[PDB]
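Report on the following structure.
Only the coordinates and a few stated rules stand behind these numbers; no lab work does. Positions of Cβ are generated from backbone atoms using ideal geometry, with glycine treated the same way; all protein chains shown enter the neighbour counts.
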Amino acid sequence: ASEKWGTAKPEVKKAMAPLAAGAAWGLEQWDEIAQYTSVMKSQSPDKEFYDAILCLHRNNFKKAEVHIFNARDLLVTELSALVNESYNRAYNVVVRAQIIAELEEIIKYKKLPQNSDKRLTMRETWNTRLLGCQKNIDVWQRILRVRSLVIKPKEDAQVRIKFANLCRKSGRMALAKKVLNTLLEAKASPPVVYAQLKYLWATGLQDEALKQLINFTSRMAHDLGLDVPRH
């Protein structure tokens with residue numbers, strides 16, 4: 001996408017804008033997202049979603065609420081239209097409503113005073129909601145990226161491996177690499193190490209895994225003892 005502006009007439013520009021904005025968010029630089037949202041169309045729920053994303057990144061707490069309320073105003077007509085059919089048809093509406101009401105309490109999480117007391121009863125809400133939602137790779141990675149936009153994956157690594165393992169059971173490669181490289185990025189985090197202990201055999205590199213797993217078991221045994229409580 002770094003090579004379409006010369007013949008990019010304005011309607012094709014507006015066509016390509018949301019995909020390029022999503023690509024820019026995925027590659028995790030935000031300055032160009034301003035330009036792609038500037039060339040983005042006047043009224044589109046993808047634009048309100050991405051605008052809420054950039055507003056969260058630049059952590060305003062004044063007009064992000066106004067924009068997200070405008071999105072609340074736009075959604076209601078299609079909610080009314082898409083309620084009389086089956087729940088299997090309405091599940092897309094359900095999940096987009098879930099994520100868009102998830103990011104408002106994401107915004108609420110940015111409170112000032114101490115940020116060190118509500119961890120006991122509020123971090124696990126997303127975990128329970130995620131486990132309640134059925135296993136789809138696409139929506140799982142989408143809301144995982146949304147969560148990681150505000151929370152540190154290294155300290156959030158208690159569910160990243162639970163993403164990676166079922167990604168492998170689904171049987172896709174690119175997302176598996178894109179998860180395991182970030183999970184790895186020394187000589188710690190034994191579950192994080194065990195992730196690619198599983199994934200190298202999942203690829204089929206077994207002969208090199210032969211001595212590796214034996215050595216790994218050897219120095220876990222040496223760490224624990226040759227022959228805090230929960231930890």
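Taking the highest mean first, how do the peptides 60-66, 95-101 order by number of other beta carbon atoms within 10 angstrom per residue? Could the numbers behind the result be given before it?
Details: 60-66: 12.3, 95-101: 14.3.
Ranked from most to least packed, the peptides come out as 95-101, 60-66.
Which percent of Cα pairs goes in each bin when the distances of region 100-231 are cut into 5 angstrom slices starting at zero?
Histogramming region 100-231 at 5 Å steps yields 2, 7, 17, 18, 18, 13, 12, 7, 4, 2, 0 percent.
When you have a sec, figure out the Kirkwood radius of region 13-82 from all distinct Cα pair distances and drop it here in Å to one decimal?
So the Kirkwood estimate lands at 12.7 Å.
With n ≥ 4 as the cut-off for DSSP H runs, can you work out [θ] at 222 nm for the chain, using -39500 (n - 2.57) per run divided by the number of residues, rounded to the nearest 500?
Working: 12 runs with 161 residues, N = 231.
After summing the helix terms and dividing by the residues of the chain, the value is -22500 deg cm²/dmol.
Taking a temperature of 25 °C and a viscosity of 0.890 mPa s, what whole-number D in µm²/s does Stokes-Einstein yield for region 165-231 with Rh from Kirkwood over alpha carbon pairs?
The Stokes-Einstein estimate is 182 µm²/s.
GluC sites (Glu not before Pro), restricted to region 102-167: which are DSSP loop and have at most 11 other Cβ atoms within 10 Å?
Qualifying residues, ordered by number: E155.
Output the Kirkwood hydrodynamic radius of the chain, Cα pairs only, in Å rounded to one decimal.
The answer is 20.9 Å.
On alpha carbon coordinates alone, what is the Rg over Rh value for region 56-167, Rh being the Kirkwood radius?
0.99
Which ³J(HN,Hα) values in Hz, rounded to whole numbers, follow from the phi angles of region 201-207 under the Karplus curve 6.51 cos²θ - 1.76 cosθ + 1.60, where θ = phi - 60° and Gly and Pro get x?
Values, residue by residue: 5, 4, 5, x, 8, 9, 4 Hz.
For region 1-137, compute Rh as the Kirkwood radius over C-alpha pairs and then the Stokes-Einstein diffusion coefficient at 20 °C and 1.002 mPa s; write the answer in µm²/s, rounded to an integer.
Numbers: Rh = 17.3 Å.
In µm²/s, the coefficient is 124.
Express in nm, to one decimal, how much length is gained between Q98 and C133 on full extension, taking 0.36 nm for each residue of separation and deducting their alpha carbon distance.
Separation in residues times 0.36 nm, less the Cα-Cα distance, equals 11.6 nm.
Determine the alpha carbon to alpha carbon distance for each of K4/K178; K154/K211; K14/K47; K13/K47; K13/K178 and list only those over 18 Å. Walk me through the numbers before you get to the answer.
Details: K4/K178 26 Å; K154/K211 28 Å; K14/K47 11 Å; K13/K47 14 Å; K13/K178 29 Å.
Listed pairs above 18 Å: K4/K178; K154/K211; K13/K178.
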